[PDB]
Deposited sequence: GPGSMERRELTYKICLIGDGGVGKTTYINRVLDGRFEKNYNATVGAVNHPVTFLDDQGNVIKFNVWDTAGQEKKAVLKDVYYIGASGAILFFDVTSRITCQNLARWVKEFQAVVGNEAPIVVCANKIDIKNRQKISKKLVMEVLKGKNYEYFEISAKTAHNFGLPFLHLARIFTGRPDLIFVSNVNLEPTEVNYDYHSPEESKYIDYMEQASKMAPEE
């Protein structure tokens, strides 16, 4: 079962730190220069023996100075939207990120919100107000230490399969790739 997922959120919030791990393997990843994105395949086996593959797109840093192309979003089944709990700007732009994603994919596709860098803070209240009170499934994570790495994917698999009791029975390779694919940004 295969789903495209977009990572979104301001530059510096930890998107690349989160995803840029070995996962299904370095060689399996792909780069698309037209879009400015790397695909990271991550496969989990569930409790009923289904193979669930997420093709998780990450930017090469262009969000720092520019708007992402529609092709980044097109075909996505879901998004993981990050902010940095130590920076209010990143929280403020959450509604803008949601609108940008939904403007291409529509309002049904699940968006999971991750409060990142909880290891280092912006209250969840501020998130709720920036987002006009709309509910999104919400996790506190540390992309650095991989704390709670699986939770957004577990939620997404449940939505997509319709099985609220779906669990992952395989463990993912969480080693950092040591591959820097980011464009230099002065």
**Request:** Give the ranges of the deposited sequence, numbered from 1, for which the structure holds no C-alpha coordinates, in sequence order.
**Result:** 1 to 9, 130 to 133, 200 to 218
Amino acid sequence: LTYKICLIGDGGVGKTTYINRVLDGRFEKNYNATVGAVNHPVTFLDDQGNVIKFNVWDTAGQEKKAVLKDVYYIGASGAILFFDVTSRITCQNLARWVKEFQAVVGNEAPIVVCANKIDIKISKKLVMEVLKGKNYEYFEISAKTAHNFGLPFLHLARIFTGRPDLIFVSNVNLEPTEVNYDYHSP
From here on, numbers count along this sequence of modelled residues.
**Prompt:** If you average the CA temperature factors over each stretch, which comes out higher, 92 to 100 or 75 to 83?
**Reply:** 92 to 100
**Complete:** Higher avg CA temperature factor (8 to 16 vs 164 to 172, as deposited) belongs to 164 to 172
**Asked** Among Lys69, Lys53, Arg158, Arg26, which residue carries the highest C-alpha B-factor recorded in the PDB entry?
**Response** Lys69
**Item:** From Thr145, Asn30, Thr43, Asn135, residue of greatest CA B-factor
**Value:** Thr145
**Message:** Using only modelled residues of the chain, where does the Cα B factor of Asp58 rank: lowest third, middle third or highest third?
**Reply:** lowest
**Request:** Taking the chain's C-alpha temperature factors as the reference, tell me which third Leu151 falls into: lowest, middle or highest.
**Result:** lowest
**Fill in**
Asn180: C-alpha B-factor third of its chain, per the entry, is the lowest
**Request:** Within this chain's modelled residues, let me know which third the CA B factor of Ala37 belongs to: lowest, middle or highest.
**Result:** lowest
